[PDB]
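As structure tokens, one chain now follows by itself in the form deposited in one PDB entry.
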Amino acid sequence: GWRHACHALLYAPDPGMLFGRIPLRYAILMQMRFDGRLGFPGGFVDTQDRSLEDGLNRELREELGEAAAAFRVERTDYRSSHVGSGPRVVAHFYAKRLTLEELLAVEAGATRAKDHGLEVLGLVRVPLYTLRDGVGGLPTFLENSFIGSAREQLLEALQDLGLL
């Protein structure tokens, strides 16, 4: 009764400075899904059909569009897997490093994706900083509604990037 899902964290180094003083340090992409939840691009895969990577890339093509096709996710991009508590779902986390130019191309092409304005409501970047009040930024972002396993995938990546 176990189902499998794959999700891709696309990221790029970013030298931008919010208000000219807060280092962004990385652009990381999330999608707002049709159900009103934020998560990483991807979804369920039929592991009877091909492999985990084929399933993931299939989903990304529909959600991100042709512009994302040049940046296929491979086995070496696999990071970890996760089981929560609700239904019997194993989520598989992939991280894909892009240049910021490439990540911008993904963002720019997303409006032409088959899913734009349908299964995908839009893309957003994750604010990695915390603002002066100790609440604005990442902590408030994390109070939004998320797809199962998305919070865990993000926090793992932030640890991996030495931002913990």
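Sequential numbering from 1, following the sequence displayed. Under this definition, the rigid core comprises the largest set of C-alpha atoms superposing within 1.5 Å between the forms.
Here the subject shifts to the form deposited in another entry, a form of this protein not shown in this document.
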Given a rigid core superposition of the two forms, which one of 66, 101, 46, 35 has its CA shift by 2 angstroms or more between this form and the one not shown? 46
For residue 75, decide whether the Cα shift between this form and the one not shown is 2 Å or greater, given a superposition on the rigid core. no
Taking the shown form as the reference, report whether the CA atoms of residue 48 and residue 115 lie closer or farther apart in the other entry; the distance changes by 3 angstroms or more. closer
Closer or farther in the other entry: C-alpha pair residue 84, residue 130 (3 angstroms or more): farther
